[PDB]
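Visitor:
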Amino acid sequence: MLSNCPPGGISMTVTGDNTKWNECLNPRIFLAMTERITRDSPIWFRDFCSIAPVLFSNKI
Amino acid sequence: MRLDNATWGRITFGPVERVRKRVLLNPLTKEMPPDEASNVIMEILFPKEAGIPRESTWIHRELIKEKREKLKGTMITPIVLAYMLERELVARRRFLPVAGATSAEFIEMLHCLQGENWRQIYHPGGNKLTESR
Amino acid sequence: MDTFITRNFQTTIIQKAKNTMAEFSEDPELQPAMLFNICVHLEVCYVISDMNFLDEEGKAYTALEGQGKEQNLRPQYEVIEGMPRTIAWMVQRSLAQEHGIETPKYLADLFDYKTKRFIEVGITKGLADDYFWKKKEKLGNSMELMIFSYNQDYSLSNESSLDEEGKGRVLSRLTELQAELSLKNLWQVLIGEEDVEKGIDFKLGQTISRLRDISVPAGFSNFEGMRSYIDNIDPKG
Amino acid sequence: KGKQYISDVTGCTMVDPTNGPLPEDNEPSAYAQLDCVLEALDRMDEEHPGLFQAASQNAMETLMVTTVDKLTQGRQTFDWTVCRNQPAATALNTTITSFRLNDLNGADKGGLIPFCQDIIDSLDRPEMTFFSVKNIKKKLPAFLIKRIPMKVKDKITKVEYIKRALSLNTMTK
Amino acid sequence: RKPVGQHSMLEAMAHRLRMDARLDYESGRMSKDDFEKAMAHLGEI
RNA sequence: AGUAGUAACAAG
RNA sequence: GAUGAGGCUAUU
RNA sequence: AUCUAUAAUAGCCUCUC
Ligand SMILES: [Mg+2]
Numbered sequence: 289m290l291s292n293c294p295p296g297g298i299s300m301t302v303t304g305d306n307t308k309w310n311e312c313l314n315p316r317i318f319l320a321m322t323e324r325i326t327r328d329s330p331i332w333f334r335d336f337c338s339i340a341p342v343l344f345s346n347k348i
Numbered sequence: 125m126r127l128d129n130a131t132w133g134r135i136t137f138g139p140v141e142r143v144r145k146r147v148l149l150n151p152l153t154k155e156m157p158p159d160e161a162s163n164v165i166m167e168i169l170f171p172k173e174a175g176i177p178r179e180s181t182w183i184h185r186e187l188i189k190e191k192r193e194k195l196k197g198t199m200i201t202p203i204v205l206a207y208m209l210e211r212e213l214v215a216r217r218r219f220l221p222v223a224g225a226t227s228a229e230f231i232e233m234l235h236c237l238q239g240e241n242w243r244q245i246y247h248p249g250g251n252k253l254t255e256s257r
Numbered sequence: 001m002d003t004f005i006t007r008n009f010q011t012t013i014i015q016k017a018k019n020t021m022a023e024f025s026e027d028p029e030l031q032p033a034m035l036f037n038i039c040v041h042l043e044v045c046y047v048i049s050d051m052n053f054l055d056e057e058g059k060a061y062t063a064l065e066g067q068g069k070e071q072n073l074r075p076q077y078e079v080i081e082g083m084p085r086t087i088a089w090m091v092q093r094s095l096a097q098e099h100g101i102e103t104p105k106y107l108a109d110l111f112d113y114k115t116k117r118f119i120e121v122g123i124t125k126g127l128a129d130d131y132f133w134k135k136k137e138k139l140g141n142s143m144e145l146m147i148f149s150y151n152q153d154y155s156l157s158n159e160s161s162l163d164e165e166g167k168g169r170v171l172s173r174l175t176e177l178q179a180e181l182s183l184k185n186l187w188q189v190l191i192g193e194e195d196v197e198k199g200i201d202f203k204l205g206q207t208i209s210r211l212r213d214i215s216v217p218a219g220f221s222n223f224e225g226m227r228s229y230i231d232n233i234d235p236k237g
Numbered sequence: 052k053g054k055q056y057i058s059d060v061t062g063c064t065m066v067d068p069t070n071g072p073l074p075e076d077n078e079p080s081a082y083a084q085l086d087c088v089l090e091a092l093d094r095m096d097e098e099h100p101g102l103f104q105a106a107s108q109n110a111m112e113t114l115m116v117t118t119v120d121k122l123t124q125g126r127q128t129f130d131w132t133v134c135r136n137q138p139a140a141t142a143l144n145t146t147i148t149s150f151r152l153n154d155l156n157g158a159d160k161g162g163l164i165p166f167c168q169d170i171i172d173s174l175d176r177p178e179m180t181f182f183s184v185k186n187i188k189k190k191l192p193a199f200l201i202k203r204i205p206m207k208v209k210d211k212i213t214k215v216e217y218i219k220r221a222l223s224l225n226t227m228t229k
Numbered sequence: 705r706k707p708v709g710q711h712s713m714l715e716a717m718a719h720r721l722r723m724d725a726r727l728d729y730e731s732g733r734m735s736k737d738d739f740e741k742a743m744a745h746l747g748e749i
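Chains as they are written, first to last, in the entry's author numbering: chain A, 289 to 348; chain B, 125 to 257; chain C, 1 to 237; chain D, 52 to 193, 199 to 229; chain E, 705 to 749.
1. Pick helix, strand or coil for residue 705 of chain E, following the three-state DSSP scheme.
2. So, for residue 224 of chain D: in the same chain, excluding its five sequence neighbours on each side, which residues have a beta-carbon less than 8 Å away from its beta-carbon?
3. Could you check which residue in D:107, D:132 and D:105 has the C-alpha nearest to that of residue 185 of chain D?
4. Tell me whether the beta-carbon of residue 144 of chain B lies closer than 8 Å to the beta-carbon of residue 219 of chain B.
5. Would you list the residues whose beta-carbon is nearer than 7 Å to any heavy atom of ligand 1, in the order they occur in the chain?
6. Take residue 77 of chain C and list the residues in its own chain whose beta-carbon comes closer than 6 Å to its own, dropping the five residues that flank it on each side.
7. Since residue 106 of chain D meets chain A, which of its residues come closer than 8 Å, beta carbon to beta carbon?
8. Report all residues from its chain with a CB closer than 7 Å to the CB of residue 115 of chain C; omit the five preceding and five following residues, and keep chain order.
9. Where do the ends of the alpha helix (DSSP H) carrying residue 242 of chain B lie?
10. Counting only beta-carbon separations shorter than 8 Å, does residue 713 of chain E have a partner in chain C?
11. At the level of alpha carbons, what is the spacing between residue 137 of chain B and residue 225 of chain B?
12. Should residue 118 of chain D and residue 161 of chain D be called a contact, given that it needs their Cβ atoms to be closer than 8 Å?
13. Taking Cβ positions, are residue 167 of chain B and residue 215 of chain B nearer each other than 8 Å?
14. Nearest chain D C-beta to residue 328 of chain A closer than 8 Å, yes or no?
15. Excluding the 5 residues preceding and the 5 following residue 107 of chain C in the sequence, name in chain order all residues of the same chain whose CB lies nearer than 7 Å to its CB.
16. Within the same chain, show all residues whose beta-carbon is closer than 7 Å to that of residue 85 of chain D, passing over the 5 residues directly before and after it, in chain order.
17. What is the residue span of the beta strand (DSSP E) that residue 60 of chain D lies within?
18. In chain C, which residues lie with their C-beta within 7 Å of the C-beta of residue 338 of chain A?
19. For the region 107-181 of chain C, which segments carrying the alpha helix (DSSP H) assignment without a break, of at least 4 residues, lie completely within its bounds, in sequence order?
20. Count the other C-beta atoms from every protein chain shown that fall within 10 angstroms of the C-beta of residue 67 of chain D, then say buried if there are 16 or more, exposed otherwise.
21. Hey, would you say residue 35 of chain C sits closer than 8 Å to residue 5 of chain C, going by beta carbons?
22. Select from C:154, C:21 and C:122 the residue whose C-alpha is nearest the C-alpha of residue 45 of chain C.
23. Measure the CB-CB distance between residue 210 of chain B and residue 245 of chain B and report whether it falls below 8 Å.
24. Which same chain residues, not among the five before or five after residue 148 of chain D, have their C-beta less than 7 Å away from its C-beta?
25. Can you confirm whether the region 207-217 of chain C touches the region 53-64 of chain D when touching is taken to mean that 3 or more C-beta pairs between the two stretches lie within less than 8 Å?
26. Answer with buried or exposed for residue 82 of chain C, where buried requires no fewer than 16 other C-beta atoms within 10 angstroms of its C-beta.
27. Which residue's Cα is closest to the Cα of residue 140 of chain B: B:251, B:242 and B:161?
28. Is the region 219-228 of chain C touching the region 170-186 of chain C in the sense that three or more CB pairs, one from each, lie closer than 8 Å?
29. Any beta carbon of chain E sitting closer than 8 Å to that of residue 157 of chain D?
30. With a threshold of 8 Å between beta-carbons, can residue 175 of chain B be considered close to chain C, or not?
31. Residues bridged to residue 218 of chain B by DSSP?
32. Taking the DSSP output, what are the residues bridged to residue 183 of chain D?
33. For residue 125 of chain C, which residues in the same chain have their Cβ closer than 8 Å to its Cβ, ignoring the five residues on either side in sequence?
34. First and last residue of the beta strand (DSSP E) that includes residue 10 of chain C?
35. Please classify residue 172 of chain C as buried or exposed, where buried requires at least 16 other C-beta atoms within 10 Å of its C-beta.
36. Taking just the CA atoms, how far does residue 744 of chain E sit from residue 169 of chain D?
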């Protein structure tokens, strides 16, 4: 990143943490992520990968 | 023995640039991947319940015999011998910061070889491979 | 279909054939022909394995009626097939280790103590010699193999280890099996080459399907709509 | 601010913030947009051709060669039969025995896929029979209470089992 | 090494013990009486 | 009392 | 009553 | 050129107010 800085410009680093990381992430978004990632997989594997986000969406 | 039959050179003070590389921790006379080593150990110690005679073991067949010669009448628990064989065969490779000496004989002394501001000349005992030279 | 197999072959034979197929991951219903082949192979294996017994002097002798159970101590032949892969491999490795012979690369069907050899018994539908040579291609001499055929054609190995009575009995049993399956109109059932691609199965039940259906973001009625939307729509911009 | 409804499987109150209204301030927000997530994933895929396919193939192979005993490698795990925490191996063995009670023998096949299929099917069983731990209390003068646990058969309904399977046991770190 | 098999532990142990007894008898490790006792016990199991 | 700190111990 | 993941370490 | 390959248990470090 330092070498890739445009000549004469400025490079700035942000040290950051995410607030309420766990409270705000949604299992439905993870189900969508799993569906997108396993696009070219057999149906059985897609269902298997979808199970866990489904279980987390209905967690008690 | 490698530590004892070793010579120590001068210690120098100055900048040392260390790069993090995946290096072997301890020297091994014979090195094979964990699956091959496990197959060889099973053949040596538990030939009866060894399973399929994998062709990958062919190269080591002679070695197995040798080991079966040494452990024919050993009253030691088989698991301890198996882990001895794993120590002698299976390789442990870790990411460590090194500077100009990556041979396993030097990685053993890595804590004493150098820091970030000093270098220690070390001559390990034993023998060194022609490839390393 | 399966009624004939259940009636003719004993419970142990069918159980062991089913276990072997499960080990090989083949559905018995989709491939009953393989079930029948394994059953007949195990039947011939046991028939040959139940024809000699080692004596106190280590010599084979035949069996007959009127003999007590105590007399039959150790069989002449040890059966390898019809057993779980792990147990059979352990048996073969133990025999090889204790008889000073290298372990053959492939699992055997029987072991003979008199000659201390591994026997690969095979059943062929075509020429016996052709199948014998094809099986010879693998190892050849490391495992003396003998082939039987449905046309009363046999190819015994170089070192014969059985008498004519046993071979005749095996051939007669095979012929009786052929006759009963022919009169029952099952030969065409087995001859058919019907083996479609088979893969892993993971089906979803009612409860999990409904849980997934209600586990979708707002704007989707069910999970099928979600999957179609994810697969097809372009989210660019 | 998301969609609130009642779960038809368990009867619980469900809140769905996905695809919800965009935040109007800087407070924490769970209203992720599916379209934006998919766009980010598409960007990741096109920066890394074949990455998703390769990862899915590798995961599929690993799952295909994975055994049930892999579930024994965890720490204290929630046991639904006793509704407590037990070592991962203990919880797995108890679940396997309970499934054997309820005509669910997938674990015998050895692989993880049959066991997970067994779990899915167990979610559908109208009634669940298992082994639980019951304590007998005795009065030891000093008076103190002495607890003797023992194994007893127990039964729960479909909804109770479903809720237990979805339950998370909470503690303090 | 983790043992592998879809069969019961009892069956594997029984077959292993049967093989051990037979090979000991053939190698002379076990005499007649002990082999008979082992065979009877295995058959009972 | 005290320790301690959003909840506990100060025996069961 | 003490969880998930990653890295390193010791032992069987 | 270490990329491969790698059983289990335990510990230490890192990652809602
Ligand atoms: Mg930070």
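In this text, a Cβ means the ideal position worked out from N, Cα and C, and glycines have one as well.
Guide: To lay it out plainly:
1. coil
2. 129
3. Of the candidates D:107, D:132 and D:105, the one whose C-alpha sits nearest the C-alpha of residue 185 of chain D is D:132.
4. yes
5. A:303, A:304 and A:305
6. 49, 110 and 112
7. 325
8. 159 and 161
9. Looking at the DSSP string, residue 242 of chain B is not in any alpha helix (DSSP H); the run it does join, the beta strand (DSSP E), is 242-247.
10. So no, residue 713 of chain E is outside the interface.
11. 17 Å
12. In this structure, the beta-carbon distance from residue 118 of chain D to residue 161 of chain D falls below 8 Å.
13. no
14. yes
15. 80, 88, 89 and 92
16. 69 and 70
17. Residue 60 of chain D -> no beta strand (DSSP E), and no H or E assigned at all.
18. 212
19. DSSP runs (the alpha helix (DSSP H)) wholly in the region 107-181 of chain C: 128-138.
20. buried
21. yes
22. Sorting C:154, C:21 and C:122 by C-alpha distance to the C-alpha of residue 45 of chain C places C:122 at the top.
23. In this structure, residue 210 of chain B keeps its C-beta atom at 8 Å or more from the C-beta atom of residue 245 of chain B.
24. 182
25. Because the criterion of three Cβ pairs below 8 Å is met, the region 53-64 of chain D and the region 207-217 of chain C touch.
26. Of the other Cβ atoms in all chains shown, 16 or more fall within 10 Å of the Cβ of residue 82 of chain C; this residue is therefore buried.
27. Closest by alpha carbon: B:242.
28. Pairwise C-beta distances place the region 170-186 of chain C out of contact with the region 219-228 of chain C, as fewer than three of them are shorter than 8 Å.
29. no
30. yes
31. B:147
32. D:208
33. Short of 8 Å from the beta carbon of residue 125 of chain C, and not among the five residues preceding or following it, lie these beta carbons of its own chain, in chain order: 149 and 150.
34. Note, residue 10 of chain C: premise wrong, no beta strand (DSSP E); not H, not E.
35. exposed
36. In this structure, the straight-line span from the alpha carbon of residue 169 of chain D to that of residue 744 of chain E is close to 40 Å.
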